[PDB]
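One chain comes next, on its own, written as structure tokens: the form deposited in one PDB entry.
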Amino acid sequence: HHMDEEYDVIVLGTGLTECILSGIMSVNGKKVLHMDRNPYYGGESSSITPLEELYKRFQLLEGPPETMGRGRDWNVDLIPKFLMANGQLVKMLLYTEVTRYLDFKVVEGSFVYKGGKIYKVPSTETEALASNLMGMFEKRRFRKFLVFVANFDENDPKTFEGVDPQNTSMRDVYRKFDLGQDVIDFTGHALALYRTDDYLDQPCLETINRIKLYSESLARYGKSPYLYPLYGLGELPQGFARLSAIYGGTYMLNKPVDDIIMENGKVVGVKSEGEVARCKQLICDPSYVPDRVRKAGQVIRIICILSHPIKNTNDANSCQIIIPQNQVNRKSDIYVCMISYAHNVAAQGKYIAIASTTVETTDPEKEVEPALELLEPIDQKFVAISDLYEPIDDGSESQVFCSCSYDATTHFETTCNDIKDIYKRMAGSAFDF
């Protein structure tokens, strides 16, 4: 196999982040070379099919029992994550036009864990007044809070109600409406989607806007604010590969990167199969540049096949479940996202619940018991522990732009920030929406 002599950009790995940036570059008029050492797409975030392959990958010789249904009807994302309907990730996908090859379907339910139980996340005043997460009085205070958020307008100080969006902290905003720890817990982690409570002592603007984003997405799609493509996220690598051909430049799989040639601290090309191709910029995931990354931790994901909808979700065919750390004596949230035959990722009557979190103990599996208890009985489990990496070089000089490994969250918030960041580092300016 052979490469060209020169490309403006060379991308290594076909993970979601690489694919999306690769799409932007191509659409922006650059000659792109995109390759992957693997014989499949998505790298770490690959989708597995048929079911038999999933069993193989997890060392389950027995193979799936007939009761698992038609193997070919299974498309299992190793790292499933949902997209915020009105989010920027979706907007970036529209920009590349890869959306032309995707069928987004709204996730049926969104829940939050509390006191050992899961409740519907209340985003509307109506949902608030009917929520069992709070008592009669507090839920009414929360209702007024949502009112303020809904009516809030960044450019109209009359709606600020005396708060300084650029200076008044969210903690102060919470006090203003007299909201307790439990309400703050699900609002911050299940509505604003933060991973930690650092936002409490930061300007309220961002948080208010995040809650607005959730509400607006929900209002637009009805069931929840989350989207997931039919057939799983594996449809993205395929879409971008197809988009790639359009602008000339087909994705090359099963192609080894023998070396990343650096000249005076700056990349100038890549060598593969006794051949060299020059490039001005290089995009890749951590696995291609061990010396330009540091380990930021470990994540554990447990894929659980079920034959029944998750209890207490009103038989949702798909759902997001956030388990705030404070609710389970942890320093990191636990997540559970589930998709099923409704999104064409599993055989009829089957559901795929994937529980995840950041490792904090020597018994990672035990750490996720709080989430598994919400899923039993479980037909089969698939446990995977992954090391997380983040670049120690922003490519400013090297012109080598590495992405971060995918964290435990079950939505694209943090992945979107990485993409936007990497892009800014490459273009010199922020992606203009």
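When you see a residue number, it is the position in the sequence shown, counting from 1. Just so we're on the same page, rigid core means the largest C-alpha set that superposes within 1.5 Å between forms.
Here the subject shifts to the form deposited in another entry, a form of this protein not shown in this document.
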Next item on the list: Select from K331, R72, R294, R220 the only position whose Cα moves 2 Å or more between the shown form and the other one when the core is aligned.
Entry: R220
Checklist line | Pairwise C-alpha change, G222 versus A130, in the other form against this form - closer or farther, 3 angstroms or more | finding: closer
Check: Given that the CA-CA distance for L102 and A219 shifts by 3 Å or more in the other form, does it become closer or farther?
Finding: closer
